[PDB]
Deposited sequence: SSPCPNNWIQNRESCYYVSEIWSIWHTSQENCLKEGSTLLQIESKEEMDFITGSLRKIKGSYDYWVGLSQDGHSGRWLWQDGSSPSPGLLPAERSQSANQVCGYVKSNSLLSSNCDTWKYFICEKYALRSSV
């Protein structure tokens, strides 16, 4: 009831972990269809939850998150225009993804799974 069916809750947030691949932009459109957006990780607490959650899921797959790198600055932004902290910078158009315990960087036009996030009721 705070979260949709098939979604997982942590505090104010609900998350959906995909079982299909898409490119970064299309993954975002998939989240948008569900009234959500690609996962944004704004704290160590949330990162720890996300890494913990994926560990319960087979494989150490790649999951798009809502981070993209400007082609002029090289600077990372979440899709709401906020900057990640120095603890959540992807390791070295380009977009970010989570794999196991790490945030990494990839060409946006590649196929990965994705994680969506929306506010719980």
Deposited residues absent from the coordinates (by C-alpha): 1, 94-99, 129-132
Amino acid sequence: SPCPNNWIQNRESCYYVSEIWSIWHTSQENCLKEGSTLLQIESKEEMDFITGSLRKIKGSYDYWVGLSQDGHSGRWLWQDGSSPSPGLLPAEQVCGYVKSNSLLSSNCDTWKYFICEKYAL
From here on, numbers count along this sequence of modelled residues.
Higher-B stretch (mean Cα B-factor, as the entry records it), 74-82 or 33-41: 74-82
Given 111-119 and 1-9, the range whose Cα B-factors average higher in the PDB entry: 1-9
From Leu89, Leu67, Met47, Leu54, residue of greatest CA B-factor: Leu54
Position of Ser27 among the chain's modelled residues by C-alpha B-factor, lowest, middle or highest third: lowest
